[PDB]
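Colleague: PDB entry and its sequence, pasted below:
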Amino acid sequence: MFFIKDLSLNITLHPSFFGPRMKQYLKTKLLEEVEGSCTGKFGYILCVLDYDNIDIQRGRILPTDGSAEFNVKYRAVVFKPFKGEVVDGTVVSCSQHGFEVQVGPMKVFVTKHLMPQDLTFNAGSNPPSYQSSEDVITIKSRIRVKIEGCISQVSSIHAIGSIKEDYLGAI
Amino acid sequence: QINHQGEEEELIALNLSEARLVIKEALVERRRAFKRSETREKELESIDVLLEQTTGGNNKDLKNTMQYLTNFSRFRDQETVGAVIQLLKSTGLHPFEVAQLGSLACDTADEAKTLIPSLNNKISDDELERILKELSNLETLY
Amino acid sequence: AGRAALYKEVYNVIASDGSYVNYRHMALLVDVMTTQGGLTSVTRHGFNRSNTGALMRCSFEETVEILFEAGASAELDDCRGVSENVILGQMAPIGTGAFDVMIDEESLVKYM
Amino acid sequence: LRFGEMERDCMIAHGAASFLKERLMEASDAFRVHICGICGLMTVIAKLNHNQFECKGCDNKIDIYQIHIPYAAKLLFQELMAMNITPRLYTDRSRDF
Amino acid sequence: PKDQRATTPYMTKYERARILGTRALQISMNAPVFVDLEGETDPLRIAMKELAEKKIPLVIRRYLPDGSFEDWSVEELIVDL
Amino acid sequence: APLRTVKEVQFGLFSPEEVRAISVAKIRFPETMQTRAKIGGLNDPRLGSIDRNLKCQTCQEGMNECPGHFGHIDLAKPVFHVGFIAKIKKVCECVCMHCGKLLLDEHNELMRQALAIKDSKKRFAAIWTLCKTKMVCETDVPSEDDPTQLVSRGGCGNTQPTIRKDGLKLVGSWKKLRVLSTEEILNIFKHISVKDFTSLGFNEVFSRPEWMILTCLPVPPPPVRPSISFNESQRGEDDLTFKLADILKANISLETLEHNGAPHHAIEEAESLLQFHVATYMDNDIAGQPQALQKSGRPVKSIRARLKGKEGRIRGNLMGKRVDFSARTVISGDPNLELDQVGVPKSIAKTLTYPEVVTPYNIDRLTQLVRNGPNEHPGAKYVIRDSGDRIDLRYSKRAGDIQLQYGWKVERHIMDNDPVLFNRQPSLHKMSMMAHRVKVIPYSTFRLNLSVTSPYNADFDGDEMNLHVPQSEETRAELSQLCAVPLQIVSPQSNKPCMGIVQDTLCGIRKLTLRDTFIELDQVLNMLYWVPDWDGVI
Amino acid sequence: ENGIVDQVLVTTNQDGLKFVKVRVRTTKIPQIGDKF
Amino acid sequence: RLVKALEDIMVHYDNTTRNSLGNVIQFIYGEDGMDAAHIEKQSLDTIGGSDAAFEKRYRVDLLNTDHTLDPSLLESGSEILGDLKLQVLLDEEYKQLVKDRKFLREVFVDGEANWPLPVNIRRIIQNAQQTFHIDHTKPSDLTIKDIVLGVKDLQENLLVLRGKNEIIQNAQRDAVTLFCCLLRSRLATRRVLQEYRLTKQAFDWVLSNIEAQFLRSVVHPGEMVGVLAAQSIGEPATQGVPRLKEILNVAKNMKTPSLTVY
RNA sequence: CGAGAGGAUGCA
DNA sequence: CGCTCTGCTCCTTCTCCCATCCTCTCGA
DNA sequence: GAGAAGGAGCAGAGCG
Ligand SMILES: [Mg+2]
Ligand SMILES: [Zn+2]
Ligand SMILES: [Zn+2]
Ligand SMILES: [Zn+2]
């Protein structure tokens, strides 16, 4: 799901950036560094609340060089998965072994081992949906998925969405 | 939990539609800061304008995330969101549970219990039946 | 009382050869040996046998014997000693390092 | 030339801490090490060419820190670990407030 | 705890040295100069000039044993050294 | 990756499971080498690679930026850690010997006071002095609150042996006698409770008694025990490398003897040998006779030897060390030199350098210096581009071709008024080191104003001093404002000025200021002009 | 160092291994700082 | 060995001394918070001299003949003589000095009257006299109220501590008790008229100048005193000596034990 | 590469 | 008289001693 | 060969 959490981040500035512009410039740098972040602790970082009134908290000048470190505090919106969650998502891509669906900012694979036993891949369909049962799932159609844990990766975060359940079925 | 402000703020189980509303407000304020420097279809297109006018477009996933979240947005009218917030939170429902009901479509109490195991064991179905029908009525209005 | 006696006793030794050093330097020494509620010598069996940071204690007269004692006792050093920082090679919190220098963003903008 | 123990004492007296650091680091022994946040040990695989880090035995790939210490200091700890002692280094004081 | 700071208003020799060194380092790195140049190519002399007339944009944090601290703007401090 | 600084240090003992977890490989063979390759079970590429081999456990970077990684040795039998043999003895004197509890408990008033001690080090110290006197762990102990009631605490309820130190092993003398089984001690320690750790000062997560007995040895990688090629590709590897090979052979034999028929006795000695080697490896200098000797006949240098003692890895490489950007030579006097000045041999200034930064205020001067080149004095050696391109002006005509850019560094030679630091060994006190202003002179010795020798305790009879050149801009200011000679005219040691007029200069003042001295006009005019501060008024 | 080759001696030990010795000479002029 | 004992002793911003563990050693460095480098021996004129002599050098009586103030000393003559109000100020001043006189007799039993103290007052007065060649041959424009009030105001500015609680203030009073005893001694109203015939402008200049000089001599926080004390003892130690080793090492078995009974 | 030896260097 | 128990004494067991330079030699 | 920390042993007064 999505949560609002006060997060902190440390930024170091080269001396050349020690001009009056830092008020807005450091907020900017925070925005580039923070926006669009993937992390197992906090899942996906979506947006930073209160884009003004950001907590600079005074720069700390290092002794090695003229760069100054800033402990930036900010409120931001993050997305997190939980084991055994239900999501009203949609199919992103089709595959013989299952489907890939969108779960907010996260990609979930809907594996054939966990779609209904009566539901089987139908290569003939275009897209090649699963059509052997009433649960017709395709890229264009919506899908409720059942998050079977989380599988985080360095580049991104993904999980497994099961459909073989009394709920969280197709569409 | 505790925020970084020294304040013991409890976990914010933010709802999907209310999350979208908050993000829209944040994008509007971001465009404002730059200046100092509804149906799901209308909302989806409008946000993309804010995202394009507030970000550089590098992070398309958030644009996708908002677009697909808007498609499944269940309480688009912010004013109606206030009702569901009161409907669920006023009952003492655990925030983790509140977000699910206020983000996922559900008709009957058993369906909510069926979908959410945590509710199945301790929740009052009578409130579910009352609230879910109220929210279901609100859901149809969109 | 002994602390006063110690100062007088040490004072005689220094003044005996005609030399003179400021009262403060003696006073600090005698005070240190009595801060522990008793005449603590300055040997490996006195000053060394303190509760100070283990890493700092390592360099006085015993090195490996102290390490084992710490590991057995799960000792923890606060890193406020000068030598500790020296071993880690960090700016000891002394003199020029006894404080932190931070950018006054307010003044910077206020000045143009 | 030897900058022995007696030498630094005078610098300590003057209080010229910053210069002392330069002599003890910049002159010689400068070295960088990676340390696991969970366990304060130099047990980090540094795939700098791939910008990938990992601490086997902790399954940690996020709690890595660059630290500058005298190369002799690294040798000291590595010998200590061979001695079955655990010099755990932590970058965050336990006494918060 | 800026309200009723307990440290002396005068400026210590060590912190004088630290401020001068740091500001000179900033000048060497093309940091913004706040005083007109009379040909003092010496960055240290530039920093000395800056300090003499209180143009350094730095704030010093004095620490107390208990871990608390006081914050002082270099303008606030009085220099007699 | 993130940068930080050390804030606190925590010590403790390895968990053997942790040791195995960290290890990137298991050592199995004593052989280090068909001609150049290394045995996978020792000094393999998974440890610190040898030069030109960018593996270091797939860490590449040769040795420049990559340390080593620890190995693992699975010992056949547990052995006692030498440093804790006495400590292990003390704890075993307090435990209930196959019960896991302490010989005595809190139900006695004394232990409550001892258990009330805040200092952990004193805590067990008081307890040990008390428990060691107890010789029985009876199950039922009369309660102080109810003497008629006895606390059924002692699980064993039996007596205990008296423990005696036997070289590398302990002997349990039962009041009715045998060598204590190292394995049993693990069982006794494993029975200890966390509550007991608090009484014994042990940390539940950092130092547990059972971990005081070595079941696996962390093998340091080659960087700790560097490979030696002193002679024509001759190994002569460090003692530790040979020492470990011995332990492997000892351990391998102990396993071999057990497997091959279990000749019980032969296993007994082999255990002592393994106990002997491990003890010597960690420390080859014990109270007892046992003394490992290298095949050359010299004693084997154990790790403690490398670390303990002056010129060890503490006092000889951390409290002090060899430094560069420094000079040493003989000194001489010069009355024509100001206090804060010093004559530096012209050659030395052409060797030491300073990393000055290219800025709009000095680009012109630096440009010329690079044009001069390292050969002439007022020149520089290396031009450092922002990317780290240390262009060596010595081996390039580019001295007349490079165009400097802002942010680059130039290894400027020492020039006049550069603040530098002196020191006369021994540096007895603060005044033994001050900062001066360089003055380049064409003769091979340092020059001082006559009057600065009093604090230095110097002497022109052939004494030497050490010259140190700061490298960072901050340091220059730091010295010029704290350690400059004039700042130390008056010392806090005795509230007295340290310098004055000495030797001939002092005598001249007596004659000069004597009542009957008169100076002719011709002499006076010259004498005035010498005073650089004269206002021109006769 | 600095100097000129004074006399080169080529010989052999009892083992037939050729040995070379080179003596180099130079003049030391009393300089500023030399001890007396 | 010695330097390691004091390797980590330093003065903190609260003007106290602590080791690496934060344990206190002295609540005020050197018991006065004054830097050793700015201390030079000075006389304590109130200790010596016979009581009659002491009365002679300070006592002033505007009513009687024993200690009549000479009118020529000041532009104001009879205006001062007979003014009981001023006589009260002189009494407390004279009484105040008397308390110091007996007080110091306990601080220094032997009666020695030359101790290291900050700020050389003797030098300051001479500068004022020769600053603009004060005419020592004419009456001055000073007034006893100004002299007395100036002294009291001066004592209020000698801040070595800054805390506003009684505990800190109480130490602040003690940290300069000895010094202010010197201050009153050489700035006594009488001495400011006969021996130091200062003018009002000079007198004000002195009051301002002394404060600046005194404050500069305050120990700077962060002075690594521990090392300094060790070295300051080691150097004379290079020149009794076995005895010093006998003290640092407690060495219960002293070589030559001896008493001294009075 | 370690070990050893020599010469020291500095005192009212 | 019986038995305990801190006091005091008689052996062991280590543990540490100015910083530098500046060499040549010897044998693994 | 010198001094401090450890360990063992005689030992005489007090309680049962
Ligand atoms: Mg000499
Ligand atoms: Zn780890
Ligand atoms: Zn590697
Ligand atoms: Zn037992």
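Modeller: Structure received. Residues are numbered from 1 along each chain as shown, chains lettered A, B, ... in the order given. Ligands and ions are numbered 1, 2, ... in the order given.
Colleague: what does chain E have sitting close to chain D?
Modeller: By Cβ under 8 Å from any Cβ of the partner chain, the part of chain E that sits against chain D consists of E:14, E:18, E:21, E:67. Every C-beta, even on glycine, is put in place using the N, C-alpha and C of the backbone.
Colleague: run the last query once more with 10 Å
Modeller: E:13, E:14, E:17, E:18, E:21, E:22, E:66, E:67, E:68 (Cβ under 10 Å from any Cβ of the partner chain).
Colleague: Report whether the fifth one is found in a helix, as I expect.
Modeller: Yes: counting by DSSP: H, G, I helix; E, B strand; the rest coil, residue E:21 is part of a helix.
Colleague: gap between it and residue F:486?
Modeller: According to Cβ to Cβ, to the nearest Å, residue E:21 and residue F:486 sit 19 Å apart.
Colleague: Looking at the two, which one has more neighbours?
Modeller: residue E:21 (27 against 10; other Cβ atoms under 10 Å in any protein chain shown).
Colleague: The closest residue to chain F within chain G: what secondary structure?
Modeller: Going by Cβ to the nearest Cβ, chain F is nearest to residue G:33 of chain G, at 4.3 Å. When classified by three-state DSSP, residue G:33 comes out as coil.
Colleague: quick one: the nearest residue to it once chain neighbours are set aside and residue F:344, what's the gap?
Modeller: Among residues not flanking residue G:33 along the chain, residue F:445 sits closest, at 4.3 Å (Cβ to Cβ, 6 or more residues apart in numbering or on different chains). Using Cβ to Cβ, one gets 9 Å for the distance from residue F:445 to residue F:344.
Colleague: ditto for residue H:22
Modeller: Counting by Cβ to Cβ - residue H:22 and residue F:344 are separated by 44 Å.
Colleague: Can you pick out the residue with more neighbours from the two?
Modeller: Ranked by neighbour count (other Cβ under 10 Å), residue H:22 and residue F:344 place residue F:344 first, with 26 against 12.
Colleague: near chain F, anything from the one helix or strand residue E:62 maps to?
Modeller: If you go by DSSP states H and E, residue E:62 is part of strand E:58-63. No: residues of strand E:58-63 contacting chain F under Cβ under 10 Å from any Cβ: none, with a closest distance of 13.6 Å.
Colleague: Quick test: name the residue nearest the centre of chain E.
Modeller: Compute the mean C-alpha point of chain E, and by Cα atoms, centre = their mean the closest residue is residue E:19, 4.1 Å away.
Colleague: Contact partners for the closest residue in space to residue A:119 that isn't next to it in sequence?
Modeller: Nearest non-adjacent residue to residue A:119, counting by Cβ to Cβ, 6+ apart: residue A:133, 4.0 Å away. Contact analysis of residue A:133 by Cβ atoms under 10 Å, 6 or more residues apart in numbering or on different chains lists A:115, A:116, A:117, A:118, A:119, A:120, A:170.
Colleague: Tell me which two in these are the farthest apart.
Modeller: A:117 and A:170 (14.5 Å; Cβ to Cβ).
Colleague: Can you report phi and psi for residue E:72?
Modeller: phi -130, psi 130 (degrees, to the nearest 10).
Colleague: Can you give me the distance of the residue nearest to residue A:119 to residue A:144?
Modeller: Taken as Cβ to Cβ, the span from residue A:133 to residue A:144 is 15 Å.
Colleague: What does residue F:409 show for phi and psi?
Modeller: According to degrees, to the nearest 10, residue F:409 has phi -110, psi 140.
Colleague: now it: how far from residue F:477?
Modeller: Residue F:409 is 18 Å from residue F:477, by Cβ to Cβ.
Colleague: hang on, the earlier thing: let me know how buried the residue nearest to residue G:33 is, in neighbour terms.
Modeller: With other Cβ under 10 Å as criterion, residue F:445 counts 20.
Colleague: got the contact list for it?
Modeller: F:329-332, F:334, F:343-345, F:348, F:460, F:464, G:31-34 are the contacts of residue F:445 under Cβ under 10 Å, 6+ apart.
Colleague: all strands for chain C, in order.
Modeller: C:76-77, C:99-103 (DSSP state E).
Colleague: could you check whether the last one is close to chain D?
Modeller: Which is strand C:99-103. No: against chain D, strand C:99-103 shows no contacts by Cβ under 10 Å from any Cβ, the least distance being 10.8 Å.
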